[PDB]
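Remarks on the structure that follows.
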Amino acid sequence: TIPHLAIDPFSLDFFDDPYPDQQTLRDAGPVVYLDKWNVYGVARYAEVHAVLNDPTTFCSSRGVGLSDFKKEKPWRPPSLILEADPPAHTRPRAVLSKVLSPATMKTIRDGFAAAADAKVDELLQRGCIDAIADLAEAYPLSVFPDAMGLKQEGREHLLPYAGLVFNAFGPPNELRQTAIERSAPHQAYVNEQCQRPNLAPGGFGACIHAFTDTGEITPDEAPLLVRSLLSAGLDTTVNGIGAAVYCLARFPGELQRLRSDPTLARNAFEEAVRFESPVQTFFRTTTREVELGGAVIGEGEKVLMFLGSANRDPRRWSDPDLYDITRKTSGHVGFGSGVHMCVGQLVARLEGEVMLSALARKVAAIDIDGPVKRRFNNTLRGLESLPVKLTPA
Ligand code: HEM
Ligand SMILES: CC(C)Cc1ccc(C(=O)O)cc1
Ligand SMILES: [Cl-]
């Protein structure tokens, strides 16, 4: 009854242009079977949202990559938050929610905004810049490692480590195997920085360790929760900000609306997160036989959720393929949904808001002016190089 498709959603041809195949995945039915990898797939908004909000049946403790932790060894010790279900998930989640809380955002906002303003002014002096290396990477690198409290030495391992993490959620294709092979130096750097003596007092890392006093996490849990922030907290924002700039470059009408009201910066970033969905996919594992979209899925089955597809499903979104900075974005799944919804979303939105605010106030036009190159990753969608000319306001 369930349709079987040969589409490989982790193929370079799919990454190069995923939208026709995402429509095929939605329109084949509410649930598909992907013969290439022997997993179920759900690509429509309703089912993706339902699965995310059904954690007792669609669990995370057997891994949110293709690999099932009940069957294979995890490539690194499992995340205490991402790869945990309630109740084990609950207190580690509360610790990160407090470390990255509304109140915490007050302590970093002025510096994060100042760094964005200065970066945009610097790029305007250069005029022709690469919006990936010179902006989407440079700006988060200038704020987030410091906000973590990381030392200077070794920071060149952060983005390679994150590329590995996100590649490793994928199937054992060439991207994943090349990522994991000889990755020990990246792992050793990150694991060392998670130990309490290496984290500057006052930064996110030290604050995680300070929560061991409360009973919410033990001392031996704190390094793995620092590791969570060093895994998810940088490369995501690189692709989120990159997506926003690419959107503004492609939709000059929307850049002009943002210039006219820079208070749209935060929703312009949220719409970029829906529109591009920098985190494209991840998995759940069934804990029991379950009916979904009229299909009966057995226990212990991997289910691939297409977040980017759900964020463009015309069943849910009007003009889903348009970038609209005044869209009512609430309900998009680019940050997830339910108990695992991105605990770093206020940090992500802060960075995106203040960069888009700096662009809105300082830049009059953004023109692609060189070869654009895509960056391939089993989980992340974004660009390797985005040459643009920035004209000052
Ligand atoms: C635009 C930027 C970002 C995007 C699109 C994004 C996306 C996501 C998504 C889709 C999930 C859900 C995972 C699941 O349900 O299995 C998630 C969870 C998570 N994210 Fe974000 N993220 C971003 C930025 C960040 C940042 C800046 C941080 C930390 C400073 C962070 C830390 C985390 C953590 C620790 C989790 C696991 C939460 C849990 O399992 O309860 N992320 N993220
Ligand atoms: C979209 C998510 C898969 C991003 C992510 C990655 C890693 C972690 C961790 O806890 O290590 C948490 C969240
Ligand atoms: Cl590691």
Side-chain angles (χ1 to χ4, degrees), residues 48 51-53 55 58-61 63-65 74-86 88-97 99-100 104-105 108 136 140 143-145 147-148 157 161-162 164-166 168-170 180 183-194 204-205 208 223-244 269-270 272-274 276-284 305 307-308 310-311 332-353 378-382:
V48 169
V51 168
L52 288 169
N53 283 280
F58 297 92
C59 80
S60 298
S61 60
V64 299
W75 74 271
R76 63 178 183 162
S79 166
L80 298 181
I81 180 177
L82 178 72
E83 294 157 349
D85 302 312
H89 168 261
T90 299
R91 278 193 271 171
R93 169 76 183 207
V95 166
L96 293 185
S97 180
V99 165
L100 305 179
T104 298
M105 297 303 102
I108 57 173
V143 290
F144 183 72
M148 288 295 308
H157 292 277
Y161 184 83
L164 153 65
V165 169
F166 283 94
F169 296 121
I180 286 170
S183 66
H186 303 322
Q187 303 183 42
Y189 159 80
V190 164
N191 292 334
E192 184 60 27
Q193 308 323 303
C194 295
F204 299 153
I208 288 165
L224 286 211
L225 288 172
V226 180
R227 194 196 70 179
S228 286
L229 301 197
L230 299 180
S231 299
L234 186 67
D235 213 2
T236 50
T237 66
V238 171
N239 289 293
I241 293 170
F269 179 73
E270 202 74 11
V273 171
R274 181 204 67 86
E276 282 300 321
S277 296
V279 175
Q280 286 274 294
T281 50
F282 46 76
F283 292 83
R284 300 293 194 252
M305 295 174 286
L307 308 182
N311 283 335
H332 80 83
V333 293
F335 284 117
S337 185
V339 312
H340 292 277
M341 189 181 172
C342 180
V343 73
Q345 62 191 253
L346 305 183
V347 175
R349 294 184 176 130
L350 170 62
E351 297 183 18
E353 177 201 347
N378 277 331
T379 300
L380 295 164
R381 174 163 167 90

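Just so you know, residue 1 is the first one in the sequence shown, and it goes up from there. Both counts, for ligands and for their atoms, begin at 1 and track the order of listing.
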Return the set of residues passing side-chain hydrogen bond (donor to acceptor under 3.5 Å, both in side chains) with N191 (not counting sequence neighbours), or none when no residue passes. none

Quick one: which ligand 1 atoms are inside 4.0 Å of a heavy atom on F282? 10 (C), 12 (C), 13 (C), 14 (C), 15 (O), 16 (O)

Please work out, at 4.0 Å between heavy atoms, whether the side chain, the backbone, both, or neither of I81 comes within that distance of ligand 2. side chain

Does the residue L225 have a heavy-atom contact with ligand 1, meaning some pair of atoms that are separated by less than 4.0 Å? no

Which value, rounded to the nearest 0.5 Å, describes the distance between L229 atom CG and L224 atom CG? 11.5 Å

Quick one: does ligand 2 sit under 4.0 Å from the side chain of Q280, the backbone, both or neither, non-hydrogen atoms only? neither

Residue portion contacting ligand 2 (non-hydrogen atoms closer than 4.0 Å) for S79: side chain

Closest non-hydrogen protein atom to atom 5 (C) of ligand 1, residue and atom name please, with distance? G334 O, 3.4 Å

What is the closest protein heavy atom to atom 12 (C) of ligand 1, and at what distance does it sit? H340 O, 3.5 Å

of all protein heavy atoms, closest to atom 16 (O) of ligand 1 is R284 NH1, 2.9 Å

Could you list the atoms of ligand 2 found under 4.0 angstrom from a heavy atom of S231? 7 (C), 11 (O)

Regarding atom 6 (C) of ligand 2: of the candidates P78, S60, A232, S228, which has the closest heavy atom? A232

At a cut-off of 2.8 Å, protein N/O/S around atom 21 (Fe) of ligand 1 gives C342 SG

Please identify which atoms of ligand 1 are closer than 4.0 Å to at least one heavy atom of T237. 27 (C)

Atom 11 (O) of ligand 2 sits nearest the protein heavy atom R76 NH2, 2.9 Å

The closest protein heavy-atom partner of atom 1 (C) of ligand 2 is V279 CG1, 3.6 Å

Which residue pairs satisfy the salt bridge (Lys or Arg N to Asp or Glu O under 4.0 Å) criterion with at least one member in residues 332-350, sequence neighbours excluded? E270-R349

With a cutoff of 4.0 Å, is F144 in contact with ligand 1, counting heavy atoms of the residue only? yes

Considering only the protein, which heavy-atom contact is closest to atom 8 (C) of ligand 2, and what is its distance? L82 CD2, 3.7 Å

Start with the C-alpha gap between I108 and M105, add the side-chain angles, then the distance that decides, and say whether side chain to side chain contact (heavy atoms under 4.5 Å, CB included) holds. CA-CA 5 Å; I108 57 173; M105 297 303 102; 4.0 Å; yes

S60 touching ligand 1 at heavy-atom level, < 4.0 angstrom: no

For ligand 1, is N239 a contact, meaning one of its heavy atoms is under 4.0 Å away? no

For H340, ring-ring contact (aromatic ring centres under 6.0 Å, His included) partners two or more places apart: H89

